Amino acid sequence: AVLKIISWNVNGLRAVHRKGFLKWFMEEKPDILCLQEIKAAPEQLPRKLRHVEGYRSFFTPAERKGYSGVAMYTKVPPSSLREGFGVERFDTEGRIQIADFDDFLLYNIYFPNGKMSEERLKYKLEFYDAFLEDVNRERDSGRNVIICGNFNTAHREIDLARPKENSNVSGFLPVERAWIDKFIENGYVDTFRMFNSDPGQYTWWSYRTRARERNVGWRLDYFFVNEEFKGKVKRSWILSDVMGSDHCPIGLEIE
């Protein structure tokens, strides 16, 4: 069977709801939809966005009300989900959903933005290491893995419009970029670059200064799989023209 997964950093679920989310979700018909930055308390949500016909949903909020948070809709439920790495400084921020879909684990992860402070940058780089430990433990078990979400780092100079102007900015720091290399040489494939080696391919633009209109963006959202799984990947693409957030969606087709 062809399995379609979408990943979208919605930056406000009730915000994207006011900008055509449910209409879009209906016409896209993914098998699994992974959502980052819900910024909403799940039980205090219009029941029509928690309930979508054909889908089971799973919300993982931050303990801080209206901050961060992730979610997952799926036609087939997972056998269960894990909501953390087992390090509670990493597990209280609404950033982790690890769903067990038999053939594979799906990591739906909202990786921390390290721009606000030197401590948040430290948290981000530490978050990255807990994640790597976690994913390696599981594929070393024999588990196949799919990881999508807001990684919050552009990997190579090709992954943003202004590489040289951003070398001392979180999102393109040589240390953040090197972890992606480290993540990659640990046996994981950036699935987008399996099929598309072109520039101009971004998933995030700043709302201001007509950034989207001028394609001044960063490729911050990713689909990774473990090397052994990559022959199952049919498509890895970007939904550049879907509006409603400062991020666009990305897709994966697996067989």
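If you count by the entry's author numbering, then the sequence shown holds residues 2 to 256, one letter each, in order.
All C-beta atoms, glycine included, are put in the ideal place defined by N, C-alpha and C.
- Within the stretch 43-94, the runs of beta strand (DSSP E) at least 3 residues long that lie entirely inside it are, in chain order, 57-61, 71-75.
- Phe132 sits in a helix when the DSSP states are folded into three classes.
- Per the Cβ contact rule, the stretch 189-208 is in contact with the stretch 227-237 (3 or more Cβ pairs under 8 Å).
- In chain order, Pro164 place their CB closer than 7 Å to the CB of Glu158, counting only its own chain and leaving out the 5 sequence neighbours on each side.
- Residues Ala42 of the same chain have their beta carbon placed closer than 8 Å to that of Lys66, with the five preceding and five following residues left out of the count.
- The continuous stretches of alpha helix (DSSP H) do not include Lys40, and DSSP gives it neither H nor E.
- Pairing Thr61 with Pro113, the inter-Cα distance amounts to about 15 Å.
- By the Cβ neighbour-count rule, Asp199 is exposed, with fewer than 16 other Cβ atoms within 10 Å of its own.
- According to the DSSP assignment, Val190 belongs to no alpha helix (DSSP H) but to the beta strand (DSSP E) extending over 189-191.
- The closest CA to that of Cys35, considering only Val88, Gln98, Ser207, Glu54, is found on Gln98.
- Excluding its 5 nearest sequence neighbours in each direction, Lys125 has C-beta neighbours in its own chain below 8 Å: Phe112, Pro113, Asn114, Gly115, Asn153, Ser171, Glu177, listed in chain order.
- Contact between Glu229 and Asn145 is confirmed by a C-beta separation of about 7 Å, below the 8 Å threshold.
- The C-beta of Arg96 has 16 or more other C-beta atoms within 10 Å across all chains shown, which makes the residue buried.
- Where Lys235 is concerned, the enclosing beta strand (DSSP E) starts and stops at 234-239.
- Nearest to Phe196 by C-alpha distance, out of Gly252, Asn10, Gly218, is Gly252.
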